[PDB]
Amino acid sequence: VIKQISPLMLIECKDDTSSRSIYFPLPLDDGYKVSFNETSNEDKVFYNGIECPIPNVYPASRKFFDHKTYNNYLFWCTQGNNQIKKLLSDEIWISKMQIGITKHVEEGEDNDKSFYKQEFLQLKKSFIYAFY
RNA sequence: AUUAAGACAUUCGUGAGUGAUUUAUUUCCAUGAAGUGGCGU
């Protein structure tokens, strides 16, 4: 019966019929322009293996890639009026840590495993999961 | 039938023990039980 299942989508349903804003993770080079090998036979890299031509990442806006200010992996993106709308991961999801026990009242039970910690996530109000 | 299912942050636990509303302080200071005699030169 089931033939095709689309990847799970993050959909923002705000108000009215309007439209569904499909949210995607930010590509790992959002505002970074990578400038690969200027072919001059020199300055290669060994990626645990064979030749690879020395990526050069610039802030696409010069300096170089500073990894102390790299946060494209904490962002989610959606279609805009010719610019990318960036939403932080912690705004989409809310995290909760739950303490759980077994009251164990009785008389002779061994209190040996009566404690656990559970992480529960909550999607923001105007956010739904969807797939085809 | 899906890295699922199942599980009270619960059991025990006195806001309690010690502790003078006590110490210091004159109901005292001033003050006359006193004044006058009267009647017929």
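Method of determination, as annotated in the archive: cryo-EM, at 2.85 Å resolution.

Caption draft 1: Geometry of the protein's contact with RNA strand B. Within the structure, RNA strand B sits among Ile99, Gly100, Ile101, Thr102, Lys103, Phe115 and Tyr116. Each atom of RNA strand B within 4 Å of the protein was assigned to sugar, phosphate or base; sugar and phosphate come to 49%. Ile101 has a polar backbone atom sitting 2.4 Å from a sugar or linking oxygen of RNA strand B. Within the backbone of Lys103, an N or O atom sits 2.8 Å from a phosphate oxygen of RNA strand B.

Caption draft 2: How the structure looks around the sheet that holds strand 1 (residues 9–12). Taken in spatial order, the five strands of this open sheet run 8-7-2-1-11, and their pairing is antiparallel. Of all strands in the sheet, those bounded by a partner on one side alone are strand 8 (85–88) and strand 11 (128–130). Each strand axis lies, on average, 40° off the axis of its neighbour in the sheet, ignoring direction. Alignment of strand 1 against strand 11, held across three bridges, turns out to be antiparallel. Across the sheet, residue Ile11 finds its bridge partner in strand 11, namely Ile128.

Caption draft 3: Region of interest: a nonpolar patch on the surface. On the surface, a nonpolar cluster with roughly 780 Å² of combined accessible area is contributed by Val1, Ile2, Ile5, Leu8, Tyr129 and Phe131. Counting through the fold element by element, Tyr129 comes out in strand 11. Residue class for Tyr129 comes out partly exposed when judged on its relative accessible area of 47%.

Caption draft 4: How the structure looks around the nonpolar core. Counting residues in each nonpolar core, the largest one holds seven residues, listed as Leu10, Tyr23, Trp76, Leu87, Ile92, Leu123 and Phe127. Apart from residues lying up to four places away in sequence, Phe127 is in contact with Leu10, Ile11, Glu12, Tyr23, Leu87 and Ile92.

Basis of the calculations
Residues numbered from 1 in each chain as written, not as in the entry; some residues may be left out. Chains lettered and ligands numbered in written order. Part of a larger assembly, values for the part shown. Heavy atoms only, no water. Near = heavy atom within 4 Å. Polar contact = N/O pair within 3.5 Å; in protein donor to acceptor, adjacent residues only side chain to side chain. Pairing = 2+ DSSP bridges. Helix = DSSP H or I, 4+ residues; strand = E, 2+ residues; numbered from the N terminus. Axes fitted to C-alpha atoms, helices over the stretch in contact; angles between N-to-C directions. Patch = residues over 30% accessible without salt bridge, like charges linked within 9 Å, V, L, I, M, F, W, Y side chains within 5 Å. Areas by Shrake-Rupley, 256 points an atom, 1.4 Å probe, with all protein chains shown as cover. Salt bridge = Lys/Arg side-chain N within 4 Å of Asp/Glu carboxyl O. Buried < 20%, exposed > 50% of the residue type's maximum accessible area, 1.4 Å probe, protein only. Core = buried A, V, L, I, M, F, W, Y, C linked by side-chain atoms within 4.5 Å. Contact = heavy atoms within 4.5 Å.

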